[PDB]
Amino acid sequence: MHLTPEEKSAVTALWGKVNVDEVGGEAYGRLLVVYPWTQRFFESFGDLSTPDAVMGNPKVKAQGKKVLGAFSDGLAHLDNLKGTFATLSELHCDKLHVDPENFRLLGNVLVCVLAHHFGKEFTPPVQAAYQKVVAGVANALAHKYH
Amino acid sequence: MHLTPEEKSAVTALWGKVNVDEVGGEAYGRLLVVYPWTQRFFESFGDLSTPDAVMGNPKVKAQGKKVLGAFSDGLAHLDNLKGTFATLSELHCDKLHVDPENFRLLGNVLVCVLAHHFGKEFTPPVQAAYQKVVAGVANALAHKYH
Amino acid sequence: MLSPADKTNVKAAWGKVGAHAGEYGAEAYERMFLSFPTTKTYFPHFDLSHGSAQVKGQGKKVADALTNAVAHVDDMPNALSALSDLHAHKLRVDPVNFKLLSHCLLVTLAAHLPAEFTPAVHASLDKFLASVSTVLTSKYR
Amino acid sequence: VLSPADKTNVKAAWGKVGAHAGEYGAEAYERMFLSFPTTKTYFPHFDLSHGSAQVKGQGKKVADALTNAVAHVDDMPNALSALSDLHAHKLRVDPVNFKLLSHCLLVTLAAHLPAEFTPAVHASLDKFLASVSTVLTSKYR
Ligand code: HEM
Ligand code: HEM
Ligand code: HEM
Ligand code: HEM
Ligand SMILES: [K+]
Ligand SMILES: [K+]
Ligand SMILES: [K+]
Ligand SMILES: [Xe]
Ligand SMILES: [Xe]
Ligand SMILES: [Xe]
Ligand SMILES: [Xe]
Ligand SMILES: [Xe]
Ligand SMILES: [Xe]
Ligand SMILES: [Xe]
Ligand SMILES: [Xe]
Ligand SMILES: [Xe]
Ligand SMILES: [Xe]
Ligand SMILES: [Xe]
Ligand SMILES: [Xe]
Ligand SMILES: [Xe]
Ligand SMILES: [Xe]
Ligand SMILES: [Xe]
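- In its metadata, the entry names X-ray crystallography as the structure determination method and reports 1.07 Å as the resolution.

Written out as structure tokens, the structure reads:
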């Protein structure tokens, strides 16, 4: 991943406007609605039967909060994504058995959610910066797979 | 690119056995047969009407020889594929306008050709090593795109 | 697979896009070229400047095709037949790129019509653009 | 689209595979797990070492499904319906992985068919496996 200084600036500036819990719940719920095979890990989370049930499910939203909290913290480490996510990579491979393609689907949902939430502010160059970031995060989370 | 020592040894051992011109003509012809939209870059190459015409076309074979010769030269530089392919990367972007997905298609076809030619000797771990390599070469060829 | 509820959702959402369709088609390309630079390999001949006539023309044509597909969602192979021939035989755009444009159209719609871009509508639009893309690549080989 | 020439090539190649289909299916999985380690995420309950009987069992099941698909090449959605349900609703294998297994089955076929894996047959087999994959992912959403 190679962010220009101005792309790093744009990422950081938009993110300062984000309610991480809110965006996390929206993005993770939309992941499960739009790409329902991602529900495979969440048989224990209760009602996933309709889009409204998924979006409103407390367990889904708690998962989104945890996931996007970790994503948020990683944005302080744009220079070292592989290192910052290495231990989560190993957990996702070794214990959680999560196909990294799920991370790429989440990245694209997150981009859509940022567009949805930010409107005018989510300009084509801001999107391009965030596309680099979500790709870099997914790549970092995939890095320790074996 | 990081290769285990089993992987790099497997790549170099198999490659010393390869008839590069022959494999290059075979892989490049199969690229144009199996994924015929790749013919878009070869309007001037003459008859590409049927699989036998593509495979027997002297310009296709000459292109495959050039391409796989450059691939072969790069195998001496497995530790720095980005640097070894930077000039060709910029050429393919700026002059030839080649979508890098084409490099991935060619890598896949090359793996199939090596399996076809070596049979049982193209074992699952030798294939895995080659998959790493073709991915690394495609990534290196894509690196200078902008 | 595209359901009749999906069909309803797409008709409603694209109907709401209305007269903005060409604008949004153009913006989807603009977004794609910046986010996914390799897609510019298919447009070495265009002025890709913001607001160019060539990008706006491409966006209007693509928007018209999408309008035709939305109006004919149970007969899309027929509706898009000329375009599936054009992409298979001449343009020869690698199928991977259709995913990239589709995503950029979703982003464009989310950015412009957030009230309409509900989770269900997002899912239906994604399925619909995947269907359109399948049709457009159906004659490639 | 599966053309009569493609169907003919597929039937000829898979007829040649004959009774080795299960062995080749197992080898395709073995190749996939090594070349594309993320695919192992779907088999945490398996011994994935060379010669594993669990991999052999999986390869036999998939080979048999493919034999059935070949026998029903003109009626494939119905033939594969139970498997489409199973993959969509329970196994929930991300669609990208079907590409990976399809490539590894081509490699396996190539490694065992010096005469028969011609360029034309390679092309038809790739088309066929893409069609099987499309059917198997058609009910995911
Ligand atoms: C931005 C990308 C992601 C990040 C940063 C991330 C981060 C995390 C974190 C911090 C945890 C908690 C780990 C712990 O308890 O020690 C976790 C758990 C988990 N993640 Fe990920 N995750 C990502 C994406 C995904 C995706 C896309 C999926 C699957 C669709 C997934 C599936 C899981 C599962 C199944 C758990 C365990 C949940 C539980 O036990 O309740 N993750 N993730
Ligand atoms: C991935 C491995 C590849 C390598 C190492 C490579 C290397 C080369 C080399 C050495 C040349 C000759 C340059 C010159 O003499 O000026 C060339 C030309 C060219 N390559 Fe690539 N290439 C690769 C893949 C591809 C693919 C997959 C395509 C498109 C399907 C492609 C399209 C072209 C075109 C259009 C030319 C000019 C051909 C002509 O008209 O003579 N290349 N490449
Ligand atoms: C929703 C998917 C798409 C639709 C509905 C679509 C539709 C169209 C239409 C209506 C035209 C104009 C044809 C004419 O002037 O007769 C066109 C042209 C073209 N399209 Fe596609 N297209 C799609 C995806 C793509 C993608 C993904 C790319 C490349 C990244 C692409 C590249 C081209 C190119 C290069 C032209 C010719 C432009 C010119 O020289 O004027 N298209 N497309
Ligand atoms: C040509 C494509 C494929 C076909 C025809 C196919 C077919 C099958 C069949 C026939 C079964 C056994 C069902 C039963 O026992 O009732 C099965 C199970 C399974 N498949 Fe698929 N499959 C394909 C691709 C994939 C891919 C790409 C993956 C993952 C990378 C996958 C993962 C699984 C898993 C995890 C099971 C369950 C295995 C077990 O629990 O024993 N399949 N498949
Ligand atoms: K030559
Ligand atoms: K995308
Ligand atoms: K997908
Ligand atoms: Xe999230
Ligand atoms: Xe991500
Ligand atoms: Xe080649
Ligand atoms: Xe390659
Ligand atoms: Xe578009
Ligand atoms: Xe354009
Ligand atoms: Xe649409
Ligand atoms: Xe699109
Ligand atoms: Xe919308
Ligand atoms: Xe074969
Ligand atoms: Xe097989
Ligand atoms: Xe297989
Ligand atoms: Xe297995
Ligand atoms: Xe097959
Ligand atoms: Xe397969």
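1. Quick look at the interface of chain B and chain D
Phase 1 of the analysis: On the chain D side, the residues contacting the 21 residues of chain B number 20 residues.
Phase 2 of the analysis: Of the roughly 1,600 Å² buried where chain B meets chain D, counting both sides, 63% is carbon and sulfur surface.
Phase 3 of the analysis: At the junction of chain B and chain D, the tally comes to 0 salt bridges.
Phase 4 of the analysis: Counting every contact that joins chain B to chain D gives 11 residue pairs in polar contact.
Phase 5 of the analysis: Contributions of two or more residues to the side of chain B that touches chain D are made by α2 (20–34), α3 (51–56), α6 (101–118) and α7 (124–142) of chain B.

2. A short note on the coordination of the iron atom of ligand 4
Phase 1 of the analysis: No other protein atom reaches the iron atom of ligand 4 as a donor apart from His87(D) (NE2), found 2.2 Å away.
Phase 2 of the analysis: Position of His87(D) relative to the elements: it lies in helix α5 (residues 81–91).

3. Considering the interface of chain D and chain C
Phase 1 of the analysis: Between chain D and chain C, the residue contacts involve 6 residues of the former and 6 residues of the latter.
Phase 2 of the analysis: Summed over both sides, the interface of chain D with chain C buries roughly 620 Å², with 41% coming from carbon and sulfur.
Phase 3 of the analysis: Our count for the contact surface shared by chain D and chain C stands at 2 salt bridges.
Phase 4 of the analysis: Residues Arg141(D) and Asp126(C) are paired through a salt bridge, measuring 2.8 Å at the closest nitrogen-oxygen approach.
Phase 5 of the analysis: At the junction of chain D and chain C, the tally comes to 6 residue pairs in polar contact.

4. Thoughts on the site of ligand 1
Residue and element names in this part refer to chain A.
Phase 1 of the analysis: Taken together, 18 residues lie near ligand 1, and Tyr28, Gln63, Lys66, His92 and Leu141 sit nearest.
Phase 2 of the analysis: Between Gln63 and ligand 1, the recorded distance is 3.2 Å, taken from a side-chain N or O atom to a nitrogen atom.
Phase 3 of the analysis: Here a nitrogen atom of ligand 1 and a side-chain polar atom of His92 are 3.1 Å apart.
Phase 4 of the analysis: Of all the elements in the fold, those that place two or more residues in the shell around ligand 1 are α4 (58–74), α5 (81–94) and α6 (101–118).

5. Notes on a nonpolar patch on the surface
Residues and elements named next belong to chain A.
Phase 1 of the analysis: Among the surface-exposed residues, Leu88, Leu91 and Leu96 lie close enough to one another that they form a single nonpolar patch of about 210 Å² accessible area.
Phase 2 of the analysis: Within the element layout of this structure, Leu88 appears in helix α5.
Phase 3 of the analysis: According to the relative accessible area criterion, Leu88 is partly exposed, its value standing at 30%.

6. Focus: the site of ligand 3
All names here are of chain C.
Phase 1 of the analysis: Around ligand 3 lies a shell of 19 residues, among which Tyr29, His45, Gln58, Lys61 and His87 are the nearest.
Phase 2 of the analysis: One of the side-chain N or O atoms of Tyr29 is found 3.3 Å from a nitrogen atom in ligand 3.
Phase 3 of the analysis: Taking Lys61, its side chain carries an N or O atom lying 2.8 Å from an oxygen atom of ligand 3.
Phase 4 of the analysis: Elements with a contribution of two residues or more to the shell around ligand 3: α2 (21–35), α3 (53–71), α5 (81–91) and α6 (96–112).
Phase 5 of the analysis: Here the shell around ligand 3 is built from residues that sort into 14 nonpolar, 4 polar and 1 charged.

7. Re the pattern of salt bridges
Phase 1 of the analysis: Evaluated as defined, the whole model comprises 20 salt bridges over all chains.
Phase 2 of the analysis: A salt bridge links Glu43(B) to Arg92(C), with the nearest nitrogen and oxygen atoms 2.7 Å apart. Of this pair, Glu43(B) sits in the loop between α2 and α3 while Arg92(C) sits in the loop between α5 and α6, each in a different chain.
Phase 3 of the analysis: For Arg92(C), a relative accessible area of 12% translates into the label buried.
Phase 4 of the analysis: Between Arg104(B) and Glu101(B) there is a salt bridge, and its shortest N-O distance comes to 3.7 Å. Taken together, the residues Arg104(B) and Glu101(B), both in helix α6 and 3 residues apart, mark about one turn of the helix.
Phase 5 of the analysis: Of the residues examined, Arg104(B) reaches a relative accessible area of 38% and is grouped as partly exposed.

8. A closer look at the packing of aromatic side chains
Phase 1 of the analysis: This model, assessed by the stated rule, comprises 26 aromatic pairs over all chains.
Phase 2 of the analysis: Taking the centre distance of 5.5 Å and the plane angle of 65 degrees together, the rings of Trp37(A) and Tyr140(D) count as edge-to-face. Placement of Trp37(A) in the loop between α2 (20–34) and α3 (51–56) and of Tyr140(D) in the segment after α7 (119–136) is noted, with the two residues assigned to different chains. Each member of the pair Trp37(A) and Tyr140(D) is classed as buried.
Phase 3 of the analysis: Relative to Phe33(C), the ring of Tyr29(C) has its centre 5.9 Å away and its plane inclined at 50 degrees; by these criteria the two rings are tilted. With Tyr29(C) and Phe33(C) both in helix α2 and 4 residues apart, the pair spans about one turn of that helix.
Phase 4 of the analysis: Classification of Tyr29(C) by relative accessible area gives buried; the value is 9%.
Phase 5 of the analysis: Here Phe33(C) falls in the buried class, since its relative accessible area comes to 7%.
Phase 6 of the analysis: In textbook terms, an aromatic cluster arises when at least three aromatic residues are bridged by ring pairs, as seen for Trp15(A), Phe71(A), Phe122(A) and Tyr130(A).
Phase 7 of the analysis: Over the face of the ring belonging to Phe41(A) we find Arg40(A), whose NZ or CZ atom lies 5.2 Å from the ring centre.

Calculation criteria
Residues numbered from 1 in each chain as written, not as in the entry; some residues may be left out. Chains lettered and ligands numbered in written order. Heavy atoms only, no water. Contact = heavy atoms within 4.5 Å. Buried area = accessible area lost by both parts, 1.4 Å probe. Salt bridge = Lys/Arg side-chain N within 4 Å of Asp/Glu carboxyl O. Polar contact = N/O pair within 3.5 Å; in protein donor to acceptor, adjacent residues only side chain to side chain. Helix = DSSP H or I, 4+ residues; strand = E, 2+ residues; numbered from the N terminus. Donors = N, O, S within 2.8 Å, 3.2 Å for Na, K, Ca; no water. Near = heavy atom within 4 Å. Patch = residues over 30% accessible without salt bridge, like charges linked within 9 Å, V, L, I, M, F, W, Y side chains within 5 Å. Areas by Shrake-Rupley, 256 points an atom, 1.4 Å probe, with all protein chains shown as cover. Buried < 20%, exposed > 50% of the residue type's maximum accessible area, 1.4 Å probe, protein only. Nonpolar A, V, L, I, M, F, W, Y, C, P; charged D, E, K, R; others polar. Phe/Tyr/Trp six-rings, centres within 6.5 Å; stacked < 30°, edge-to-face > 60°. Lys NZ or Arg CZ within 6 Å of the ring centre and 35° of its normal.

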